[PDB]
Amino acid sequence: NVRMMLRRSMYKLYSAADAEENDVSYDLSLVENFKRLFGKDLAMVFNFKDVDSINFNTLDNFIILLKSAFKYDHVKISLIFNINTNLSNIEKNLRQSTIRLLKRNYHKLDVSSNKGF
Amino acid sequence: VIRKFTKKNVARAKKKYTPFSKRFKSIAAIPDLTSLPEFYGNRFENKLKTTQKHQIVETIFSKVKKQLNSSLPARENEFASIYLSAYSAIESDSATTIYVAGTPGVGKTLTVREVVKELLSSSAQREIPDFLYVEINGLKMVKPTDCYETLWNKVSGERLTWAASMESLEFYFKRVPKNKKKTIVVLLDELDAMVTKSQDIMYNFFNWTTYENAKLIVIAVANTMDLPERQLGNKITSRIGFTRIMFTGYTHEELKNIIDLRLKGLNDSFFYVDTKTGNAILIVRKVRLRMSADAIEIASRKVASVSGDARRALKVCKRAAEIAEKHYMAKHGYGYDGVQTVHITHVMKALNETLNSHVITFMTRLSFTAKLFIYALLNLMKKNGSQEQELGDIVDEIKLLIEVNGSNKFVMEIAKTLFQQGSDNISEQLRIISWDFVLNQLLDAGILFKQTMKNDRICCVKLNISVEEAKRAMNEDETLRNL
Amino acid sequence: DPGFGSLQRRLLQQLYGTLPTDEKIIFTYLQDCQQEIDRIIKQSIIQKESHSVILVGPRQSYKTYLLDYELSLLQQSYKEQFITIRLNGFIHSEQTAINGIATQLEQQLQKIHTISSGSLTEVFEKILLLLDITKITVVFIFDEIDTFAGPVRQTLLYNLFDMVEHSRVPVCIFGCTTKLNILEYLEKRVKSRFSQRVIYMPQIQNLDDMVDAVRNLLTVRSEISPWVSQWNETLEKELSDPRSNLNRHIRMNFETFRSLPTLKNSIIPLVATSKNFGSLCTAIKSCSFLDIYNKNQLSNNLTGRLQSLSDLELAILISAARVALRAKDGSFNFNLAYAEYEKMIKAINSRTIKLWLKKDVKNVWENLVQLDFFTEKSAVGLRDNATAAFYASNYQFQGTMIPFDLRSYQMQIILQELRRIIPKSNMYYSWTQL
Amino acid sequence: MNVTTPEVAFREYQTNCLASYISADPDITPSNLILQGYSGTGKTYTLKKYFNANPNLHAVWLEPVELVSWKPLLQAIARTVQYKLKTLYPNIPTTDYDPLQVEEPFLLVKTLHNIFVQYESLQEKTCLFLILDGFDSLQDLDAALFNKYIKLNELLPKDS
Amino acid sequence: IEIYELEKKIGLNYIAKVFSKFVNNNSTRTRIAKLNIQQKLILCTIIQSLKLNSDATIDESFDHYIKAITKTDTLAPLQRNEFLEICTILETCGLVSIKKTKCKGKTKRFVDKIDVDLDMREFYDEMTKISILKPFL
Ligand SMILES: Nc1ncnc2c1ncn2[C@@H]1O[C@H](COP(=O)(O)OP(=O)(O)OP(=O)(O)O)[C@@H](O)[C@H]1O
Ligand SMILES: Nc1ncnc2c1ncn2[C@@H]1O[C@H](COP(=O)(O)OP(=O)(O)OP(=O)(O)O)[C@@H](O)[C@H]1O
Ligand SMILES: Nc1ncnc2c1ncn2[C@@H]1O[C@H](COP(=O)(O)OP(=O)(O)OP(=O)(O)O)[C@@H](O)[C@H]1O
Ligand SMILES: [Mg+2]
Ligand SMILES: [Mg+2]
Ligand SMILES: [Mg+2]
């Protein structure tokens, strides 16, 4: 579900930020308070492993939830989707507003086992 | 270190973990526990005290109400049986279980406490050896294993956790010789509340009574006589035994004697009442207080018909005295700071408000929209007999009842209010005005049941109250019974 | 004008009920109830008698209001005689009620002149030690008491009613509930220890009770403003005329809602948006702001949401509704609704509307789902409690694993309602018929 | 009522209602106020316009969609209320409380009581507006959650 | 031994006195003979409602009682709370058990259900011996 997605992501965020250089709540406010608690700007890269096996309703809600971090001025978010079927399959499994959000800055990178032989 | 979650409100007691079997090196190393300053029972009361700045006016009925509070004329055979079993098992230094069952308020706890008081008086006269009395109420425990924490704390004075307490009690009851012991009488009140899934607590408490060195009296007070047959195993039923003591609900003559015993010194007695304030003094006007024998008799007969519960009879008499005292204080204007009788009228009014139903008069005082909802619901139960009706069918049938009786005066004045709230700038609405409000109001009242569904049309609704009292409330209304 | 400001502020204070205690407004139909409550408090705080009583009435029927008024009245004259413990059945659980009682006991006893220290077993043992020249009366107010009269085990109610019965500490317990048959919720021993004192809260029975309550709400009885007498004259002229707009709105509330808080929530911005005294008198004579308020309260319902739809959204909704009406179970999906939609576009164009492609109708379909026009078939929706919601959050439903064009939906508004509220001039009106 | 009504286009009625309900005086302010509208109806925009046009009002802004569950929402209420009261009155010595101690609604009542009792030296009574922008956008929502929040004001002290 | 010393060698009779004191001796006929004619009528309507509905709440049992004794038009009807009161009398006598269970409908909620623990032959014999108010059997 989305709650476990956010909790695991925030535990990973706090663990990495503590490992580089007081407990916190593992929700998006840690993203809000990251500059106060660590003194640095934040760049999160989300790597969604095996996207063609995930529940697309959960993934859509998690992306819409991650959209709320855009107003915090010190956070930038990158998303990586590992697609194994086709882009058009994951297009029809997501909401059209989510597609319009993803369309603002996206690139395709094709690396199969024999891309160009 | 970085935690995955936190437990920041942990409150842990100062309870040790080592059981009593490791307290001395051998069985022979155990001293005489009676000659120990912590065994067998060898601060908050003043915080609820203050200084009184006024003088409370106690009226003439206040002594009647005080004497009718819950704080042994009808229990002779039960008292004698419990006392004889406990006396025989204490004086011969044996362990036994006594089983007592009954409905609420039939004098179970009072009789057992009186038996224990008389046994303590006999042990103070050196006719039976000394014993320690422990009262464990299963409804006063937070956790059911806390009885293990309670009993051992009453025996040794230590504070252990529950498993160590259970091992300590097992070692104590089984291995400690009788010359180093004191007898323990344990009252297990609300015995059904200590029943758990594994039934280990029940087995341990009734199995310690089968040990030869235990010197333990377990008096188990229950609510049903068939509790070991219904809820317990064969092993615990064998240990509890065949002899069980039933506390029957009181007949009306014994309730009559109970109420007369609470009012032996007050009834047909004279008081000096001060007409300036209302304060009455038991032996300025000389007023005789009286409560009718017919009133007490009819209250006792009613209560013995219902339950035979002495709490109910005392409460009915106290309520009648309260009603009479309210009328007396209203007619004299006394405040709080020749014959006063509490009559059979006050007793009947006390007996009637417990038997009156507010559901019909609640439904007759609702708005027209809620009554229209209930009327359409009853119409749908008459049409198809399903007893569960979808809310969309109720919407359609309300709309049908509005457009069919359109020539009615009240309906043709109500239609604009129902569908536009009396406003030309408001569009015609698919639900009536206050549809959600009366739906939620009938759900909070408990008149209605609604299934947990997200589609508002196919969501079903059921009457939770009886259908004929809803029909009576609908026929009470002028508009609905004419259409 | 500072005089109109003082009058407006006092009117808002009377509407919110935040007057001082001796100026507090008690409606006439609430009087004989509240005196009854006034007896029980005065028998517990003053005369040290123990009482148990349950107040039974609907939401916003002045249970907390009358109880708070009684406690405020007793606090002005007898403030060292009693302490107050407040429990709410939504907020307190069976574990946290014990900690709530102990924490409130210590912060009230230190206010008059630890119990809550340790584990919950020790806390409950200390509460039973304390509770099981004069005595301080402990007053319990137990809102939503039906939640603690559960079918499983009513431990707290047992111990509290035993404190009423057998303890020497004077305890007053006031329960509050909306459940009419609250006495059937109680366990046999709990009901035996309860006094069966149930006070059913009074209901509005006729129109002049509501008119008198409005008159008590809006009459200013103190000299706070130069405008007080003229406002009182204007208000009495409005309420005495049976053909006035105020009496019409009060009558409409009496026959639909029968709720004075519902009327107060509309009257408050009528007073607050007035800029001077003449505007306030005009607003109370016309009551046109009440019509604007009533229109706004209905603006987001099914009727008002329909009028915000575009023509393509309305066409897709109409097509889905007639497919659902033709279905035996009322179920439909995106494919059947699109097929019905293209049949209506070519049937209209044969007699020119852009025919939108299936890849563009997906956005319209998602908007219609989000606007609560379609619901997923046999969906439970919002769960009643957090435990069922947590159970539902760990399960993947079959609707969320199939492609979106095969998901089964049901209508929140049927085709007959659509024919009822779509205007005749609309060019998709003829397809609301079958 | 002494407050400013900003000019918000096509939302004049809503802004007049916000001026009717939201004021600095706690006696003529409701304990609960609901703004209801679908997505993009300008609810957040006009609440922003109203509170920026009235900077003397003390508003705390929370997003329940960033908190997902009830327990982080309770902890966020305690954390943001305590931080806002710290920056509002810096000359008031306060004992700091840990927001992670709030694990129950009752614990939120106790923590808010303990935070509010160290501010009784203030002269006037003061509203603290806690704005839950998107209450029903919380991902773990159930029907019983909102009842606790609307009955929360009855457990806080009345003369605070 | 306890029975012997509560009255004063132990005879044959005292074993039978024990086996009469500590067995309940249900005796449905003598329970029924202590009832009133009205209480017998409510008991008959209750067991008929359990016969034809097989999971009946107190409200549906009261509903059936109202319609069944308005079909007869004798012994003019009483209200729901006093119906529950005679049900409590019947539970005190030892014929009726009221429990708190869940419904099996679409609206699954808790509700009070009514049940019996009496033999049908003694019931039918003892209210055919009444021989006036027949059609509730
Ligand atoms: N024989 C009696 N004489 C006088 N008062 C009595 C008698 N029996 C009961 N009472 C009164 O009724 C109260 C209830 O009795 P008791 O506590 O023994 O009931 P119980 O059978 O243990 O009930 P429950 O199962 O509800 O605990 C007593 O405290 C006392 O006030
Ligand atoms: N302490 C108080 N001071 C002023 N007004 C109050 C107070 N308590 C309640 N009110 C008002 O009294 C009216 C009646 O609501 P009240 O809270 O008394 O209902 P209630 O019967 O307790 O409801 P519920 O069953 O939902 O708890 C409302 O308009 C409310 O705002
Ligand atoms: N009345 C208005 N005047 C000017 N701009 C407006 C107005 N209403 C909305 N907007 C613009 O539209 C944007 C979206 O509105 P807003 O964020 O307030 O919607 P919302 O109803 O709160 O949405 P959501 O529920 O999705 O959060 C605003 O940021 C603003 O740029
Ligand atoms: Mg007892
Ligand atoms: Mg209330
Ligand atoms: Mg917004």
Side-chain angles (χ1 to χ4, degrees), chain C residues 1-35 37-38 60 62 64-77 202 204 206-242 244-247 249-250 253 259-274 276-285 287 290, chain D residues 1-2 20 23 25-30 125 158-159:
Chain C
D1 199 66
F4 170 70
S6 165
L7 179 74
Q8 192 171 56
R9 177 170 1 90
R10 166 79 181 202
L11 279 177
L12 292 168
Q13 285 185 228
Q14 290 180 189
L15 286 161
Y16 282 103
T18 47
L19 283 163
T21 309
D22 300 308
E23 283 213 271
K24 272 259 211 149
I25 292 151
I26 310 291
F27 303 141
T28 295
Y29 86 102
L30 289 175
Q31 255 150 33
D32 293 4
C33 180
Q34 84 96 37
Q35 297 293 158
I37 301 153
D38 180 78
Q60 307 284 289
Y62 299 90
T64 302
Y65 181 79
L66 287 186
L67 274 173
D68 283 11
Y69 172 74
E70 285 309 307
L71 293 189
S72 265
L73 229 43
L74 263 299
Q75 197 83 282
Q76 290 178 310
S77 41
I204 285 150
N206 38 83
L207 189 49
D208 47 51
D209 269 335
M210 269 186 105
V211 176
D212 205 24
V214 164
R215 183 189 282 106
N216 290 326
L217 277 163
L218 295 176
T219 306
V220 177
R221 294 179 179 274
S222 300
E223 267 309 307
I224 47 114
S225 186
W227 295 116
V228 169
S229 205
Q230 286 181 50
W231 166 254
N232 281 346
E233 196 224 54
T234 298
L235 169 80
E236 229 44 60
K237 184 175 156 31
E238 291 313 287
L239 289 169
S240 212
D241 176 32
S244 74
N245 296 304
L246 240 189
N247 277 312
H249 281 275
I250 289 159
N253 193 274
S259 184
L260 291 151
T262 298
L263 197 53
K264 281 195 303 176
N265 282 348
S266 65
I267 286 172
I268 280 161
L270 184 135
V271 167
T273 50
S274 291
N276 44 55
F277 183 76
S279 266
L280 179 64
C281 284
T282 294
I284 205 59
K285 278 150 184 138
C287 287
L290 295 192
Chain D
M1 226 153 252
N2 191 9
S20 294
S23 61
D25 189 17
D27 281 358
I28 55 179
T29 302
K125 312 208 313 152
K158 267 166 154 233
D159 291 345

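Atoms considered below: every heavy atom in the structure, side chains included; atoms not considered: hydrogens, waters and symmetry mates. Chain letters run A, B, ... following the sequence lines, proteins first, then strands; residues in each count from 1.
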Does the side chain to side chain contact (heavy atoms under 4.5 Å, CB included) test come out yes or no for C:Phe27 and C:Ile204, once each step is laid out? CA-CA 10 Å; C:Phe27 303 141; C:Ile204 285 150; over 6 Å; no

Just do the side chain to side chain contact (heavy atoms under 4.5 Å, CB included) check on C:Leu246 and C:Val211 with the steps written out, would you? CA-CA 9 Å; C:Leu246 240 189; C:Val211 176; over 6 Å; no

Verdict with supporting geometry, C:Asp1 and C:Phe277, side chain to side chain contact (heavy atoms under 4.5 Å, CB included): CA-CA 9 Å; C:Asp1 199 66; C:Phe277 183 76; over 6 Å; no

Side chain to side chain contact (heavy atoms under 4.5 Å, CB included) between C:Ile25 and C:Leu19, intermediate numbers included: CA-CA 8 Å; C:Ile25 292 151; C:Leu19 283 163; 3.8 Å; yes

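Considering only residues two or more places apart in sequence or on other chains, D:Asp27 meets the side-chain contact (heavy atoms from CB on, under 4.5 Å) condition with C:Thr18, D:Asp25, D:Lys125. Residues that satisfy the ring pair (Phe, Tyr, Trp, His ring centres under 6.0 Å) test with C:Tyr69, not counting sequence neighbours, are absent from this structure.
When all heavy atoms of C:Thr21 and C:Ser72 are compared, the closest pair comes out as CG2-CB, 3.7 Å. Closest approach of C:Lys24 and C:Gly17 over heavy atoms only: CE-O, 3.6 Å.
If you take OH on C:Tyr62 and CG on C:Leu30, they are separated by 7.0 Å, rounding to the nearest 0.5 Å. Taken to the nearest 0.5 Å, the CG atom of C:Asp208 stands 13.0 Å off from the OH atom of C:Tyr29. Rounded to the nearest 0.5 Å, atoms CG (C:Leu207) and CG (C:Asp212) are 11.0 Å apart. Annotation: the span from C:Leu66 atom CG to C:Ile37 atom CD1 amounts to 4.5 Å, rounded to 0.5 Å.
Here side chain to side chain donor-acceptor pair (under 3.5 Å) pairs that include residues 230-241 of chain C, with residues two or more places apart or in two chains, are C:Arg215-C:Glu236. Screening residues 261-274 of chain C for side chain to side chain donor-acceptor pair (under 3.5 Å), with sequence neighbours left out, gives C:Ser259-C:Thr262. Listed by first and then second residue, the side chain to side chain donor-acceptor pair (under 3.5 Å) pairs that reach into residues 4-13 of chain C are C:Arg10-C:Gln14, C:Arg10-C:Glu23, sequence neighbours excluded. Sorted by first then second residue, the salt bridge (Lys or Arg N to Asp or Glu O under 4.0 Å) pairs that include residues 219-232 of chain C, not counting sequence neighbours, number zero.
The main-chain N or O of C:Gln34 is never found under 3.5 Å from a side-chain atom of C:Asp38 such that the two would form a donor-acceptor pair. Remark: side-chain polar atoms of C:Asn276 are paired, donor with acceptor, to backbone N or O of C:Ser279 under 3.5 angstrom.
Contact annotation: the side chain of C:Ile268 approaches that of C:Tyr16 to within less than 4.5 Å [non-hydrogen atoms, C-beta and beyond]. No side-chain heavy atom of D:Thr29 sits under 4.5 Å from any side-chain heavy atom of D:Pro26. Annotation: side chain of C:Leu239 is not in contact with side chain of C:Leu218 (no heavy-atom distance under 4.5 Å). Residues C:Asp22 and C:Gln76 are in side-chain contact: their nearest non-hydrogen atoms beyond the backbone lie under 4.5 Å apart. No side-chain heavy atom of C:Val220 sits less than 4.5 Å from a side-chain heavy atom of C:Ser225.
Considering C:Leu290, C:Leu270, C:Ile267 as possible partners of C:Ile284, the one that fulfils the side chain to side chain contact (heavy atoms under 4.5 Å, CB included) test is C:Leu270.
For C:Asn206, the CG atom counts as densely surrounded, since its 6.0 Å shell holds more than 12 non-hydrogen atoms of other residues, nucleotides or ligands.
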